[PDB]
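Everything below concerns the one structure shown next.
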Amino acid sequence: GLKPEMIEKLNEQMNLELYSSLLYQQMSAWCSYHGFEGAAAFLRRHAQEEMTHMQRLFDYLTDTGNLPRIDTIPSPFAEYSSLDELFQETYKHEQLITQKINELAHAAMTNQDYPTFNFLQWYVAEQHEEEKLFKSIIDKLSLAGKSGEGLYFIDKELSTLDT
Amino acid sequence: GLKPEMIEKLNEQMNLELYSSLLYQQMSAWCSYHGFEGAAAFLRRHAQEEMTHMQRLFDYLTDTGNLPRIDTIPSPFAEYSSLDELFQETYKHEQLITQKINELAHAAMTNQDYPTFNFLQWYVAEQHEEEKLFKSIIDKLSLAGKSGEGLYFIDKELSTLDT
Amino acid sequence: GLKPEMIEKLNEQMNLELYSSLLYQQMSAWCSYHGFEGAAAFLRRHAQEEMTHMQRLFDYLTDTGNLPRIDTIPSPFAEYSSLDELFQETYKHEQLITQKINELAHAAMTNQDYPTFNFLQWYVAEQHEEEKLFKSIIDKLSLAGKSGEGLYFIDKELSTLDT
Amino acid sequence: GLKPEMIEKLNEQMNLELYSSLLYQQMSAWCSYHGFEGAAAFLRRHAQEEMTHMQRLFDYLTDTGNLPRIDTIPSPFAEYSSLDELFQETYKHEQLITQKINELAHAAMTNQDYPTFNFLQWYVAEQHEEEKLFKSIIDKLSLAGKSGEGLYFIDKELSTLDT
Amino acid sequence: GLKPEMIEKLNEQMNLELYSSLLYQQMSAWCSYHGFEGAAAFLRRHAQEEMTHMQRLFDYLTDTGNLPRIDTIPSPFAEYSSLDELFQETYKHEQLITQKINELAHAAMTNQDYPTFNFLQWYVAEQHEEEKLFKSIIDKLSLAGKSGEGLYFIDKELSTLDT
Amino acid sequence: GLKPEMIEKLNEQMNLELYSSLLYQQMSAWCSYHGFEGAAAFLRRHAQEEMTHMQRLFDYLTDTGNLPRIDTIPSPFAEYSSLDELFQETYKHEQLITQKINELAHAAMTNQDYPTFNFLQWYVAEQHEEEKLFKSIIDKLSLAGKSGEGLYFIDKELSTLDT
Amino acid sequence: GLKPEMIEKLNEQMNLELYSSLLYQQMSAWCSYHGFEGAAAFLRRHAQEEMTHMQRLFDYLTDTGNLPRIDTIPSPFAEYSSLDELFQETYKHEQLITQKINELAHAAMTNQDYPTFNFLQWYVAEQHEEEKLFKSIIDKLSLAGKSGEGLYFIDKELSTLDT
């Protein structure tokens, strides 16, 4: 079964995924407020995606006969100076999630927890893909984001980015 | 536009819908832990439903040019003595949500806010339906929930209840 | 190629999967004899499933140019006091198989045998699913198995459980 | 109902069918090890066929309210000097199974057990067909099996023989 | 991100996959020159396969923000005494690739690089399959390759082997 | 048959096509590294195209009973100051390939090698088309490539250019 | 229009194609007589193919307002010591046809006859393909043609070779 360190780290990551989903929702509100409807739509879709990462951890914990515990969730509210600054923060947050998944994989390996190591492989692969997506948005903003016209085009791309 | 009281009450209800979704998720974990997989599945579906109520309020606020603000969310964790006690609490919580929606409708009418009164009609109708559903579950538990066999049948019904 | 410890442990697990398939067949005979036709059908299906786990190990060994060796198989015959006692034993046996797979994964990692570690990931995932299934049956028996009526319903569910 | 001699002989044949299935599996491993992949595939298919003969006896015993008992199964491991020697042994084993079925049919007739005599007719017919198949393979090996080229062609035929 | 040892080993393997693709192309030319058109077609298909292994590594490096670097590629030209000698060399080369992939997986594990360990699992599985294929060709040549007639049949099989 | 000068020039062009394919691959890596994903995708597709030109020469040589010889391939690695500079170099390289094809056609005509002159006509026509494509990209960069916004649009066009 | 040398060479080649078709027919009769029905069928198909080459020249001459003239055709009858000797002669004859086509292409170029040079390109390409086909048959006979069994397999392949 799951060792106490692993139960703790899995619950911690479940709650971080929940917080992250709400952070992406709040960021989408910043985008709507500042007239970036396409960026807002993209971040709403990503908020839904990250909530499914929360659910996958929740269900793994219940499968193993452990009771997942949703923690107090701090407010994700923040101020952003620009669309570029916001997406820089989204990318840094995704890098944090990737790091915490790698730390969880390392904990599973050092605890000789092969079921949890196997379970975490989905997160390792998916975080690789999501980091690549957010890096591409950062690159687009670096290239064309220094004018209102460029931001207009990037926003329109974001409205349908990743289907 | 929206008056300050209405902005405050709409944000408050948005955050209550978010809390409620997580409460239903946590209740589903109690059900899984105690072997009621059908009740767990039903509560997971209802958690998803209530999150859409949160999203509808979030989007109304952004439509009106107001910035919705996700608050600190308290932990929904609680202990329950029985499946019946849990569902009694779910029903009481739905009654609370219904009351808060009625208070919001009254606030809209007294503030002469006809767009918000119109927007809230969806919640009035939907809460009526959801209360009816949870009352029916309470009635089933009152009738047949006093044996393990009866709980087995009710759990199986819950696994597919409301599609 | 495969180190001697790994050849030995893989052959051992292949023979344990074979024994397990026959154990589940024998348990199904107990169920038929005591009038639990649905439980019997379920255990016959699971006996077929576990035999495929044997075959997957057999084929891995032959792929690597090693000769798998089917051992002497002890009789799986046993007495059971009740359907609940039988399924408790089935679940404990599945937990044993899960443990032996985890020990094999650990042996592969400590022997720096990355092909075998990769091969074993299928077993880690599948054993997780099968343990969850047998835990759910134990939970149903704990809830409703204390009457002949309840056993009648559980048997009927088992007749088609997991398709 | 079944007389004690008939219960004993039916259980004996059930266990012989089980042993035979594993013997054919082990023979397929010899074929894989020596590079005869088509012969290996054929023997794996025949191992599955013979296991169904075991299951048919198991189910007949349970139908009649008798508890079939899976015995200790001796290891089928053996050495073979050639593909021809292996298939000679497979054919001799099938002839043994045919003889034991004929002895069972005779026992049913002398015990005035008409349900078991009727049940055994399936085995009489099927063993006739399977002996014919293995005799044809022996004949092919006698004709063309004295060269590596001939063995190559026979192996390729075996890979799809009997669909 | 990727540690310097891992960047170096990944680039090294990318270039080894590129060299291998060209080696298989050159071997196919030997086959064409000596009249083995089916062997030539098979090796051309395998050259295309191995180039895709190069591309997968190239793309992983670019995904991680590292610049893959195609090295100077030595000529793969060699002399072969026979079709059997050529395919023995192809099989030994595939075994080398398998070893280098295992060394890369070990480096990822010892460097606590879980994204790269995950990425490499595709190579571990695929190399297992490709080694099995080339071992089967070696076995066919050992059996039937000692006559011109046998080589004729093996060449015809190779023309469509593995679709 | 082929005269020695023609064998030499055909092998030389085969190896130049191979080098060119890898050069286009390496250029695509520069594009990925600098955030031009559409340019990267276009150059990856063109790398695949040019490899087919290599294969067509390889197969012509083998058809004529000559053994094509893959040479040592120098590293294509280079530095580029800008996307425009990179594509200027791609266009100049395509012009070099066109020139070498024209020199080969002239060599075939002066050697009275009508089969090789006929074979080369495919390259004459295809190089005409590919030069036209790369000239059009140069023209787009000259027109709109002097801003980050313009480069953003050109990159997006390149992502699907020439299907 | 056509110069006298070109009219003469085109008529000469038309008559050589006619003779060749009949030669292939006569060779097919040798094959039938010696029991090689598949080789006979292949040569009958090739006789039909070569007659179409005759017709294409005939029609070119009539298109240009020149009267093609079918010459006296010498008997193609010959003796052959073996199927291999026959196909060696077929291949040498195809090489002769290829040479005469190259001489015709050279004559067209030196006579500045660009319509005839264009017309002949079909023959240059087609003769390349047909030489490759007959070289492959020679290679099969060299490999497997030294036994009656091998000749049996080659004959069976020829029966459907090139559709």
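Residues are named by chain letter and number: chains run A, B, ... in the order of the structure tokens, numbers start at 1 in each chain, and ligands are numbered from 1 in the order shown.
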From a DSSP pass on the backbone, collect the residues of segment 1-162 of chain C flagged as alpha helix (DSSP H) and hand them back as a PyMOL selection string. chain C and resi 4-33+37-63+83-110+114-144+148-160
Please identify all residues of chain E having at least one atom at most 9 Å from any atom of chain A, considering only C-alpha atoms, and return them as number ranges by chain. E: 63-64, 112-115, 118-119
Write the residues you've just listed into a file as a PDB file, in the first residue's frame, and include C-alpha atoms for each of them.
```pdb
ATOM      1  CA  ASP E  63      11.022  20.322 -27.314  1.00  0.00           C
ATOM      2  CA  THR E  64      13.264  20.731 -24.257  1.00  0.00           C
ATOM      3  CA  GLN E 112      16.921  11.649 -11.623  1.00  0.00           C
ATOM      4  CA  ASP E 113      15.689  12.739 -15.067  1.00  0.00           C
ATOM      5  CA  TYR E 114      12.167  11.352 -15.064  1.00  0.00           C
ATOM      6  CA  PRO E 115      10.976  13.099 -18.282  1.00  0.00           C
ATOM      7  CA  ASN E 118       9.694   8.299 -19.666  1.00  0.00           C
ATOM      8  CA  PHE E 119      10.642   9.392 -23.212  1.00  0.00           C
TER       9      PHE E 119
END
```
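Note that the spacing between atom CA of residue 49 of chain G and atom CA of residue 75 of chain G amounts to 19.4 Å.
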